[PDB]
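The structure under discussion appears below in the form of structure tokens.
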Amino acid sequence: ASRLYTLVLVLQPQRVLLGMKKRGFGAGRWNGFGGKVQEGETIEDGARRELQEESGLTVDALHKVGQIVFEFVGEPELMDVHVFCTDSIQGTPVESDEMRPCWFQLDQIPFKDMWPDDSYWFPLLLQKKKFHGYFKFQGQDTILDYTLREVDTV
Ligand SMILES: Nc1nc2nccc(-c3ccncc3F)c2[nH]1
């Protein structure tokens, strides 16, 4: 019982693009760009589509960097998040009713205003490591337990 999601991080040598979600699930936290994968769509095509819908950017080749499975206690569906990065985009990040984008220097990633698991795996993404993670949450703030391991093949 799992549902597919994508997450794209635009990660350049000295800065990363994040978006502040304004409403809905995850609102109030900085995040990459992503969402649910659609019927008849590959995961990578879904990742590219979500980047455009949410940020206004067009991506040239996505790299698989991780997979994170989220369990929220008391919710039946696990969230199977496929994480991608890119360093080459076209377009200017667009603020909309759903998302406020901002570039961050790597030393200033706003972990206090992100989902708490990001503090664990974002540093691997910054060092160009690939990973498989699992995080069990109670509510949206408490990690009850987790696993996180580096892998050679996502
Ligand atoms: N960067 C990041 N960390 C997260 N932690 C827990 C959940 C989610 C999440 C957000 C939106 N849709 C699905 C999800 F699984 C996270 N996204």
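Both ligands and their constituent atoms are indexed starting at 1 by order of listing. Along the sequence shown, the residues carry numbers beginning at 1. Scope of the values below: all heavy atoms of this structure, side chains included, with no hydrogens, waters or symmetry mates.
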of all protein heavy atoms, closest to atom 4 (C) of ligand 1 is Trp115 CG, 3.3 Å
Residue and atom name of the nearest protein heavy atom (relative to atom 9 (C) of ligand 1), distance in Å to one decimal: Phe25 CE2, 3.9 Å
Residue pair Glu50 / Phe33: nearest heavy atoms and the distance that separates them: O-CB, 4.4 Å
When you look for heavy atoms under 4.0 Å from ligand 1, do you find them on the side chain of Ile68, its backbone, both, or neither? neither
Heavy-atom closest contact (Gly56 atom, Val94 atom, distance): CA-CG2, 4.0 Å
What atoms of ligand 1 come within less than 4.0 Å of a heavy atom belonging to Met79? 13 (C), 14 (C), 15 (F)
Distance filter under 4.0 Å to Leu7 heavy atoms, resulting ligand 1 atoms: 1 (N)
For atom 1 (N) of ligand 1, the closest protein heavy atom turns out to be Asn31 OD1, 2.7 Å
Numbered in order shown, the ligand 1 atoms found under 4.0 Å of a heavy atom of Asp118 are 1 (N), 2 (C), 3 (N), 4 (C)
Short N/O distance, under 3.5 Å, between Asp117 and ligand 1? yes
Sidechain-backbone polar pair: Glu77 side chain, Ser2 backbone, donor-acceptor under 3.5 Å: yes
Hydrophobic cluster identity match, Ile143 and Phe122, side-chain contacts under 4.5 Å: yes
Can you list the ligand 1 atoms lying under 4.0 Å from a non-hydrogen atom of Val81? 15 (F)
Report the part of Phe135 (side chain from C-beta onward, or backbone N, CA, C, O) that has a heavy atom under 4.0 Å from ligand 1; answer both or neither where that applies. neither
Ring-plane angle category for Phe135 and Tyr120, please: parallel below 30°, perpendicular beyond 60°, tilted otherwise. tilted
Assigning hydrophobic clusters by single linkage (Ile, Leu, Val, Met, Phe, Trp, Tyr; side-chain heavy-atom cutoff under 4.5 Å), is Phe104 placed with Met114? yes
Are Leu106 and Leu18 connected into the same hydrophobic cluster when the rule is that any two of I, L, V, M, F, W, Y join if their side-chain heavy atoms are below 4.5 Å apart? yes
Ion pair check, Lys22 and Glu95, cut-off under 4.0 Å: yes
Is there a polar contact between ligand 1 and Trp121, counting only N or O atoms under 3.5 Å apart? no
